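One letter stands for each residue in the lines below.
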Amino acid sequence: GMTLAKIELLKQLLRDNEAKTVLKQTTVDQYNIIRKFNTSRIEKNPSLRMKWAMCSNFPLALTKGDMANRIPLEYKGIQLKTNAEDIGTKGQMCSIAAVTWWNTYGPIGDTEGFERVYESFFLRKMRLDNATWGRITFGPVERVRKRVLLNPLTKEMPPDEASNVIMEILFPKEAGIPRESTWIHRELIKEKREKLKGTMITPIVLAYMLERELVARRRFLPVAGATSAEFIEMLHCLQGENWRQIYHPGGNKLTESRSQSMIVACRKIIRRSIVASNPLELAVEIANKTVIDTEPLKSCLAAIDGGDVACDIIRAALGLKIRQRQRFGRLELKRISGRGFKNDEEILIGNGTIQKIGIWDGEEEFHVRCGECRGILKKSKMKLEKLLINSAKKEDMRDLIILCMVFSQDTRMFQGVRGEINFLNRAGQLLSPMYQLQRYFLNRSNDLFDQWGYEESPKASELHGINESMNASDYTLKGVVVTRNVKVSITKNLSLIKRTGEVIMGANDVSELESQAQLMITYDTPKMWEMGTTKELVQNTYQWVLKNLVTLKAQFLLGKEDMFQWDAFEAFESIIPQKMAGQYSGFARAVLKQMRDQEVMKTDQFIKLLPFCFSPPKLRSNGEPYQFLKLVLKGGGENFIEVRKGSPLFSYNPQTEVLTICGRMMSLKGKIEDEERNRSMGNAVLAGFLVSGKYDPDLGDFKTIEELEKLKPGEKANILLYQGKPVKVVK
Amino acid sequence: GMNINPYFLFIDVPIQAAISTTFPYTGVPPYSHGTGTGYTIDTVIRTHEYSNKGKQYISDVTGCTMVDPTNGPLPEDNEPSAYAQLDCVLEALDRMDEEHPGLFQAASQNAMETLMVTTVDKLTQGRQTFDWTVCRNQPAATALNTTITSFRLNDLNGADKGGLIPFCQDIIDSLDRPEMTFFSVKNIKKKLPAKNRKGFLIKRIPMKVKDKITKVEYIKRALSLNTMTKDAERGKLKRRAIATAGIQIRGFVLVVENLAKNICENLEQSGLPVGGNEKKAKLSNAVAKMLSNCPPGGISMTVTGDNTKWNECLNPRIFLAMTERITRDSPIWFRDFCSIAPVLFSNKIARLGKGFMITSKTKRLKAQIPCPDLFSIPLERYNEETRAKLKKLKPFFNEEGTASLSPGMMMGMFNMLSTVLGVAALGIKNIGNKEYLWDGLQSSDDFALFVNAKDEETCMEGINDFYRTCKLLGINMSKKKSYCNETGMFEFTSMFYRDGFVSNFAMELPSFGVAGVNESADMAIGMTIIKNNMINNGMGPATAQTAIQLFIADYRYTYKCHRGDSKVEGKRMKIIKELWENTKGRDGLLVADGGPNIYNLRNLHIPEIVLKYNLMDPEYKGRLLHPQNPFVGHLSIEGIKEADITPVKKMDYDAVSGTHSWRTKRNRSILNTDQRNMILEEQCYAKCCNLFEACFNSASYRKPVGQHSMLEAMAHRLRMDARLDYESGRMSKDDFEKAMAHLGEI
Amino acid sequence: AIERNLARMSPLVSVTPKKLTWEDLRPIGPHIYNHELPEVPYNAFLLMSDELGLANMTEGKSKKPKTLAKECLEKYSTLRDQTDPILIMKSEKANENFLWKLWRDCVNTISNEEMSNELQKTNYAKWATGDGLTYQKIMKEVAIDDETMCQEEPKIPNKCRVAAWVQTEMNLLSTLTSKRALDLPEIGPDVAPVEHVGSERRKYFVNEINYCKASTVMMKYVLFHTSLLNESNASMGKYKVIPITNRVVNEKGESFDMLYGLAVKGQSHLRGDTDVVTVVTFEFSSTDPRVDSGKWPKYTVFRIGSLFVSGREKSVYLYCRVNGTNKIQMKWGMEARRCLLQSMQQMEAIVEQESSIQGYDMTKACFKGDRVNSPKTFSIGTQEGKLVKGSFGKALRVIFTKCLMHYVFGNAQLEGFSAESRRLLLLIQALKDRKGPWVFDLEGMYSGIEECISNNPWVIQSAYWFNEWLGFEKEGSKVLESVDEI
RNA sequence: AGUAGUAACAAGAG
RNA sequence: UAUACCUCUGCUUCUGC
RNA sequence: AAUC
């Protein structure tokens, strides 16, 4: 036992008066102040100082111990260390040769336990060695900035919880007051104490290695397709702004992680296939050859008893049963009867703020579940009607009631959101309203039960009631009861119909949140880009237009409406908001035909609008099409094309004859008409409108689209093309 | 002939695309030489030049010359105005409170609830701090400990309670103490016996002596800011002065900065404290909104903006008035707590560097004229540049050798709260219901205003209205440096937007060099900086694979550790060549031990020790990863994971702790100097703390808590350790009775 | 209250904005074209274009820095044993005898059989290193009393005009050779497909630079500054002779140990980082210093033999100079290989961007030009007031040269210039993009740019190169884009 | 001398 | 002065938010 | 199908 030596060293220490005064005057708080006391200033230029110091004889300091003494003073003429002591360490200063001498001829220590101590790192090597790689592919990639886990953890905990667990593993006597966490991770502590038993390595090191494999490292990174930590660690080799790399990590993968991916895979198959005709036939084509990391979407949907609306529609579309389940984080549901419809309304909450939430309308019946506890839920628009739950643990019963209360979107629930905790991220991006309401009321539940209200318990033979404390009681929660008793076909347009005639799932019901997937979202067929994002699709289309411009510009002056529709443009239309798709396609087809029929042709404008002409056009009551300044696309305020100017996604430099498409430079030189040199752009800016002369001050100010559309054919007007270029145009 | 021009690339590639080539970061940064007295005095003159038309008065507390520009006459010129009008600042805040409701009182709560939990040790992480006891910039950990021990002599034990709040109460009360006593160490010669022919030896034992100063002298020392020059600051021709404040003010700045930080997080038009990929997103999303928000058939212009004399114009009395309005709902003690730091800065006194070295080229002699002796010599002796400066310093100069800098914010320190005042300018949006609309972004001196309007002639009238607003806040826009254009591309804090924030590899480029921690850490850091730049700084696989070669190149020369097979001569290389010939598993050797570089794009995230572990020889890994080896010795939770990179942000890495994770010698210059006395003072604490850690093994990981005595804790710990070891059987009757006898004496 | 003050405030206070137009952009630096000023002198630490390496073919493996410089001189003994000083050029404040005696003292010391490379503290070496030239510290009370002691006026950088040698340095350093200098070590094997693309990209990117002049100078600078720092810490009190070494490999694959001169490091008791250690250089050269006299006022040049460059003979010279470095600048020498990355990244961005557009690896296309696509071309420079189209490989190296010149002439003048010239570069890019740029105080913006141009060569030449490029971008944009949609 | 460039180093201290 | 052709020192009187 |  060390005990005697510690006390007899304390006797040595207390003999010195200056040391004795320190121990008596310093508090246990103040330890942290006196530990950091030294002469050492902070090194401002460490790269310099190290490069300098390495050229000196004896730059390294050493620890005063028996092992330090086992290093000799010289070896084969080379001085390893000097008798001169270091100020801080009180040990013989040495050269970098001593390090090499130790490693070459020193004592051979105990390496038993090392692999288990530094486990966390060896699994990163395990995830590279066992892994396999796929194809490199060059082409544009949108990369979105989002907070993600940098390294995969053994068991995630808060900073205090992980620390308290660590304390129990390494320093049990000094742990102090036990918490709930003491009990919760008892298996992990028992495992880690048995694993880290035989090792000789210092506690402070061991506690650092636990902290890495318990405490979470979450920071913002640019990502695209893969969000999972086992991918995030490899991110640098997965994707660059202009390339893609397929990667498959080793070991094992999580079941939940496979669903989060699986949803977005379906969600995009549906989001693509809607605009192209025979939506089932395109969705089947893709879905038969989609891949999640290694597993195909067919096998994932078969094995996983989860998914959403989109997953069910594809599950049907391919074949086999459809699990109508909704996972609200902890809660896991299943639909008995009723069919809801989402609606966005401005809902005032308890603290005094109004935030947009997608409210569910109509009456419904669900089969709830929360760990061990079970039940059956009934609700109407913003009201919980019934909750017939079974008896289980207090925490499982309490949280299931909180999950069901939020879910129901009750007006009583929204009034008790007091304590300013809103849903808007630090980086200017809105969090999901409903999920943030769950996390608030799970911890702060006193408002929820108080603002709900109570009533009489059920007086049946099998039915009873429970109060706020989760015990059998007379005054139960208003609409809560504790009882003792525990094929389809698919359309062309992707709606699931019952044998009778009613439609259980609709294509219009799938959620429009095109979020980041968890695992590698691969498409084994060609033309993968068709399931991408706005800037990925926008570019790849315009790249394909310029690729075939020799054919497409010729065939636009021979066949009238043969090449207005093309296999590439179907995908382009899917990122146009379909409430406007026809209106843009009316304008596009009208302005392009104005350059065909008349002599005033513009190749830059042709290439810009040629992708907009797939959709069947939708004109006004007059006959004339809809006129536009910008053609707005799906998601992000920056995403649009401009008619009368250059846009963030599409602009032209006519000096160099070079086109900028989402950043990428594209040479249009040697692919232009010579008569475009001084040809005005007003003759391809409004449909059925051409330039007479230049701005006439008698005509007045520059007239707007609404004003221009409401002019008689043969009326002159003032149009500003791009800033500082006035033009005088007639209908 | 043919004249090659590098600027001719800008025909083929636009400026923003190849902006990396406009940054000369392979080159050497500018450093200062000699004193920074003239640099400081120039700041002192300039600061008072912008306020001299305000209210000049004499402080009855200190006896100093004070100037006050706040609520002063408005400027009739484009020179830097410090004359900020309180009402306009309050109205700007009121608007911000309307646009962001319930924020001020919530943030005031957040910071107040933090304050209670914040310990005294929090002051130890302030780098070099001015120690008022010895008048030197010392380490924050020491500068605190000197201040705690000196307070104890004047009956001030607030630090003993453990909370910051009583220590801050002791600081405001220490001004009231008439004579402030403190320690100063002096040497006594003592005979100690020896085998020294004459059987003894003289040893200069240090001893601490009690030393007093007056109330006013202590007030001035408490209000002192020590000034240097700014070394290694990029992209500037002439050098500038900086400052370091004392331990007293440090406590009160933390809370006022935390308060403003809480506000700056929630504000939509700020790049602080948000950084890295978070700020890259926040600005990118906030651009898209403020772009597409503009009227159709109108104009949206982005003013690429920047302020001038940012620190010199902003008065402390504005910052005082800011806190009061932010804490309006919070209690009277916290309102008074927050009001101190701006009250100190309002009455601050600036120390004047080293002095002025005077010479005679004929005689070949030199001599530093120190700050107090600046006027102990005819002004004709100084050069024309310095002669003008000293004449202008006269009314503000203090006879002790300082200058009272009542206006301005030397150093700055208040970043967040000064950024909030910027955001408050951006929050106005319009004046007189005219046909323009502005909103922007902010990071202290750097702003980026957008203006949406009908035509461009209107836009410029709105930017004038923005300019004339910011004058009333004390925020002076740089007419020279700032410039405007149509929205689409701009610059902000060296981040270049051109329909998207472009990659600028030259900014990070210096960080690719060898770090200067140790062989094990620098390897891990080196491969980490590669990995990271590939992701978010746009390094392709070829350049990344080159950087792997270029790091190892510099590593092998810096640490003198070339491949064992290579015949490059060296002291270490001689043993490295023997290691190569001895060891069988030579691919398992680390580069530091002249091993081969196994690194590549895919495995940059893994530590070299972990990669090669399987291919090492048992004897090699046994020595390399020996548990009781002397090289590492004693670690700390901050030391293993984290390391500095250049405020200086401390990044983290991963590497195994083995023989190459060593430490270097202390700077031995301290041996020659009179500060020898601190060397023993350290080793006295180190002896106590290392013994404390033997009793409490969790003291390394967890910060121990306790207002009780440090000895008391150790005694009780050792008491049970004995008793339980006896009863268990680990200790005998012989040893237990010895142990119980010793603990009785203590 | 804001509006209340805004009303009563004086109209004199305003931004006073003006729309920027191409004619408002006057040429930067009037003085640099003025012929009354002296031409900017060559003031680099070592030689670059003018250097001459004494090639000793070796085994390839490393040896002592004395032993290689010895055997390098053994091969070219004619120059080694040339004792007669045939002086050509002199630096105003130089000592012909001391300098030559120093060179002879070096040559013999490298030639000798002893292990040490130490040079004796002679009467000449003490002049050439500056022994005892530091001033004496005295008591403040004495200096206060002594009426002769005064604060001296500060030394300011002089104003130089444009010099052609910088242009020619750029022209020459950019150009290819048959020799490779770089010491690029091994890496791990390529398993992933991105690593194979990265490897095949390096075979074009790295070996384009490696085979140029600028690559050899860069490597020479580094390897000198690596040993120069090493001697400076270890051998503080000792005056030591260090050779200017580089190992070079040709197209055949044969290691030629080079020697571009010899140098002598002074006494190096370097406390602060900025403390100077004076280093005396002696450098071989084919260039006649009487060609460009204004290039070499800092140098003192002898003539020491002759060498046949191929058939016709070239006279060999010895460029001597008292120079100096410091701990910071020596370190930055060791981190000067990073000049590769800053230029290689920039052009890998083009390869990556062009690979996205075409959908395959557009490396081999950009340099050589494959079946589908022609080679990528860049505006490289001028030919009697006209444009010139250089290839990818050339455009890569012109950027790489600039990154080396950012080091070689890296200082307060370059940093302050580059930053302020950027502001004007961005304003030009607005006029190029037709984004209607406005400015508030252009004269004062110019003032910040123009004050940084004094006596730094790369600053002075880049002020000219700016004004040349400006002239081309002014006539391109103001003609074509002025009248189009009218 | 030279390095440097608004002021230093070209050794300091006992 | 003397020891001192010795001895000690190379970011440790300045380098912040 | 998001939080920390």
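Residues numbered from 1 in each chain as written, not as in the entry; some residues may be left out. Chains lettered and ligands numbered in written order. Part of a larger assembly, values for the part shown. Heavy atoms only, no water.

By the method listed in its record, X-ray crystallography, this PDB entry was determined to a resolution of 3.80 Å.

A. Representation of the overall build of chain A. The secondary structure content of chain A amounts to 26 helices and 38 strands. Taking 731 residues into account, the globule formula puts the C-alpha radius of gyration at 27 Å, and chain A, at 35 Å, lies well above it. Here the C-alpha coordinates of chain A stretch approximately 110 × 90 × 50 Å along the principal axes. Considering chain A as a whole, with its 731 residues, one finds that 53% of them fall into the buried category. Just so you have it, chain A exposes about 34000 Å², and 50% of that area is on carbon and sulfur atoms. Seen as two clouds, the 110 positive and the 89 negative side-chain charges of chain A have centres 2 Å apart. (Helix = DSSP H or I, 4+ residues; strand = E, 2+ residues; numbered from the N terminus. Rg over C-alpha atoms; globule rule 2.2 N^0.38 Å. Buried < 20%, exposed > 50% of the residue type's maximum accessible area, 1.4 Å probe, protein only. Areas by Shrake-Rupley, 256 points an atom, 1.4 Å probe, with all protein chains shown as cover. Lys, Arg positive; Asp, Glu negative; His and termini not counted. Charge placed at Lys NZ, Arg CZ, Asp CG, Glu CD.)

B. A look at the nonpolar core. Ranked by internal contacts, the top residues of the largest apolar core, which has 262 residues, are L297(A), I530(B), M48(C), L424(C) and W469(C). Residue contributions to this core peak at eleven residues, all from helix α13 (residues 392-408) of chain C. Within the second largest apolar cluster, 128 residues are counted, among which are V255(B), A424(B), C470(B) and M477(B). (Core = buried A, V, L, I, M, F, W, Y, C linked by side-chain atoms within 4.5 Å.)

C. Representation of the protein's contact with RNA strand E in the model. Inspection of the region around RNA strand E gives 43 residues, with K230(B), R668(B), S669(B), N672(B) and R271(C) positioned closest. By atom count, sugar and phosphate contribute 60% of the portion of RNA strand E lying within 4 Å of the protein. Within the contact set of RNA strand E, a sugar or linking oxygen lies 3.0 Å away from a side-chain nitrogen or oxygen of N137(B). Contact between RNA strand E and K327(C): a phosphate oxygen at 2.9 Å from a side-chain N or O atom of the residue. Taken together, the elements giving at least two residues each to the surface near RNA strand E come down to α4 (46-53) of chain A together with β5 (136-139), β8 (224-229), β9 (241-245) and α24 (669-672) of chain B. If one sorts the elements of the surface near RNA strand E by residue count, α24(B) sits on top with four residues. (Near = heavy atom within 4 Å. Polar contact = N/O pair within 3.5 Å; in protein donor to acceptor, adjacent residues only side chain to side chain.)

D. Highlighting the pattern of salt bridges. For the coordinates displayed, the defined rule picks out 114 salt bridges over all chains. Note that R602(B) is salt-bridged to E195(C), the shortest N-O span being 3.3 Å. Of this pair, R602(B) sits in the loop between α20 (571-582) and α21 (608-612) while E195(C) sits in helix α8 (residues 193-210), on two different chains. Classification of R602(B) as buried rests on a relative accessible area of 14%. (Salt bridge = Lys/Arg side-chain N within 4 Å of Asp/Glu carboxyl O.)

E. Quick look at the packing of aromatic side chains. All names here are of chain B. Tallied over the full model, the rule gives 76 aromatic pairs over all chains. Seen in terms of ring centroids, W132 and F182 are 6.0 Å apart; in terms of plane orientation they differ by 70 degrees. Their pairing is edge-to-face. On the criterion of sequence distance, the pair formed by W132 in the loop between β4 (128-131) and β5 and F182 in strand β6 (residues 179-192) is long-range, its members being 50 residues apart. Residue classification places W132 among the buried positions, given a relative accessible area of 0%. (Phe/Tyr/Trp six-rings, centres within 6.5 Å; stacked < 30°, edge-to-face > 60°.)

F. Here's a closer look at the protein's contact with RNA strand F. All names here are of chain A. Surrounding RNA strand F, one finds 16 residues, the nearest of these being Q260, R267, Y435, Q436 and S515. Backbone sugar and phosphate groups make up 44% of those atoms of RNA strand F lying within 4 Å of the protein. In this structure, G307 approaches RNA strand F through a main-chain N or O atom, which is 3.3 Å from a base nitrogen. Contact distances for RNA strand F include 3.1 Å between a sugar or linking oxygen and a side-chain N or O atom of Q436.

G. How the structure looks around the packing of helix α7 (residues 164-174) of chain C against α13(C). All names here are of chain C. Viewed as axis vectors pointing N to C, α7 and α13 meet at an angle of 125 degrees, and their least axial separation amounts to 9 Å. As judged from the angle between their axes, α7 and α13 are oblique. Crossing angle aside, the handedness with which α7 passes α13 is right-handed. Within the contact between the two elements, α7 uses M170, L173 and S174 and α13 uses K394, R397, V398, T401 and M405. Its residues assigned to classes, the contact of α7 with α13 shows four nonpolar, two polar and two charged. (Axes fitted to C-alpha atoms, helices over the stretch in contact; angles between N-to-C directions. Parallel < 35°, antiparallel > 145°, perpendicular 65-115°, else oblique. Left-handed = near helix turned anticlockwise from the far one by under 90°. Contact = heavy atoms within 4.5 Å. Nonpolar A, V, L, I, M, F, W, Y, C, P; charged D, E, K, R; others polar.)

H. Representation of unusual backbone geometry within the structure. For the bond from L272(B) to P273(B), the omega torsion is -5 degrees, close enough to zero to count as cis. With respect to the helices, strands and loops of the structure, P273(B) is situated in the loop between α8 (247-266) and α9 (276-292). Positive phi, normally seen in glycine, also occurs at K76(A), with a value near 50 degrees. Position of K76(A) relative to the elements: it lies in the loop between β2 (74-75) and β3 (78-79). The phi angle at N71(B) is positive, at roughly 50 degrees, despite the residue not being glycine. For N71(B), the location among the structural elements is in the loop between β3 (65-68) and α3 (86-99).

I. Quick look at the sheet that holds strand β6 (residues 132-138) of chain A. With antiparallel pairing, the three strands of this open sheet are ordered in space as β6-β10-β9 (chain A). For this open sheet the edge positions go to β6 and β9 (239-240) of chain A, each flanked by a neighbour on one side alone. Sheet analysis places β6(A) next to strand β10 (residues 243-248) of chain A, joined by five bridges and oriented antiparallel. Each residue of the ladder has a partner; that of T132(A), found in β10(A), is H248(A). Across the sheet, α8(C) is in contact with β6 and β10 of chain A; its angle to β6(A) comes to roughly 50 degrees. (Pairing = 2+ DSSP bridges.)

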